[PDB]
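To begin, one chain is listed below as structure tokens, in the form deposited in one PDB entry.
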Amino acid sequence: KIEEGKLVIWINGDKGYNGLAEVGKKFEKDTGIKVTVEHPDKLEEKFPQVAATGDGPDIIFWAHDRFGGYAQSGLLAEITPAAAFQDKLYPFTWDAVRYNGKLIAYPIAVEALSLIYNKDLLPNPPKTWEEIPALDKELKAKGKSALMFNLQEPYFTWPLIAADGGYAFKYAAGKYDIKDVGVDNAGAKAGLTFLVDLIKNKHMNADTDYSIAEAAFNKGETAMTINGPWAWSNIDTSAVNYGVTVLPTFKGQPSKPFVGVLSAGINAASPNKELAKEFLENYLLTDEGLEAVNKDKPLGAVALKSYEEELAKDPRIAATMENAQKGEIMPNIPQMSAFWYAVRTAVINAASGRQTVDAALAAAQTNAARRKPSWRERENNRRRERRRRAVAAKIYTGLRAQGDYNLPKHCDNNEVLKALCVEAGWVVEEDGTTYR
């Protein structure tokens, strides 16, 4: 839980939490507050569950796409940065982190996936997805593979799914339209079918996850991987001479990644809103602080306009942004979570053979906008059925008490119902078939 005068932080385990830890301790020196950094599991999941009850973090670092469902659930404090401060960060970043006309988080870094490749094994990386099967057959003879990446999270497969026209929610007339979902269209189909054919043809494994893919690339057993700027640090410490480049094209179209802005909203229930706002506006959204995080695991193209000038020279970032320009910023709306779960289920079920590609994406397209019943709605149902059983139980209690039927010492209500039926001149068969 939260306690005043302390600072506990939540950020995903693939980010530079230790680098932030370094920043939190210097916040100690200036203002005296102890700041701890914890990298929990499924934090994007645990937060909307625990924050209701007061338990949770002062701050949560996460991509912006989930904050719209959060903010609409009243979990985040509205953000009040000076007009001078907004100018310090790129306007498209503030746009990503704004829901309904209120700024719910601080933009920190812009993230896009890129193709990462081993130059020693592959000095010239492929420009197309279509050439990856042939290239894998070549490298298999040398004891390598062409490409491994996280097939458990749809974030990593969406670029291929979008290339030929697959889309989540079509933005039309100034808004995202949840009636027009494109996870079921011909571009989406072709994208997934190709990914599955790669698996069918033993060029990838359906079980490959984030950890397996990183270890294979970092040890040099795979020539390529798809990942974001956070992964660069571990490749750095490895022995692999790598490059960061544009994603392969599919059917001649670019790979279209979903661009996430790593944001930071504050726990509406925190006793330290401004004692944490010191951190966020005057400590992290600063050049010298972002360096500390970026030094641990790279942040990507940070939203601070002054530090991005230095980082933008890095050819790896230029590539990251080259991919971003070809993709789209994620919507931040509430339906994102249901979209991600539906697409996650569709990829895994098609990758594993559990469902055909058509069946998987068809199921996904209906779930991408499924409404989650409200608490009151669940309580409506719960109470209605409690009433229904209470009425029946009183009927049978009375029948057993005053009926004087010829019943066994112990019997279920069906036997009572049968003895009430015959009394009313019905005959009930053994299996329930009933008639006058």
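Quick note: we count residues from 1 along the sequence shown, nothing fancier.
Judged by mean Cα B factor in the deposited record, 81-89 ranks above the other of 81-89 and 212-220.
When the C-alpha B-factors of 271-279 and 295-303 are averaged, 271-279 comes out higher.
Sorting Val37, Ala393, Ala63, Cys411 by the CA temperature factor given in the entry leaves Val37 at the top. Taking the PDB entry at face value, the top CA B factor among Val196, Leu103, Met148, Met336 belongs to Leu103. When the modelled residues of the chain are ordered by their C-alpha B factor, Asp136 lands in the middle third. The entry lists a Cα temperature factor for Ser374 that places it in the highest third of the chain's modelled residues.
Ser73: CA B factor lies in the highest third for its chain, per the PDB record. Annotation for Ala172: C-alpha temperature factor in the highest third relative to the rest of the modelled chain, per the entry.
Per the deposited record, the Cα B-factor of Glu28 falls in the highest third when ranked against the other modelled residues of its chain.
Below: the form deposited in another entry, not depicted.
Considering the motion between this form and the one not shown, the entry in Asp197, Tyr283, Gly74, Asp314 that lies on the hinge linking the two rigid parts is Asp314. Wider separation of the C-alpha atoms of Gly13 and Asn227, by 3 angstroms or more, is seen in the other form than in the present form. The pair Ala84 and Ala324 approaches in the other form: their C-alpha atoms are at least 3 Å nearer to each other than in the form depicted.
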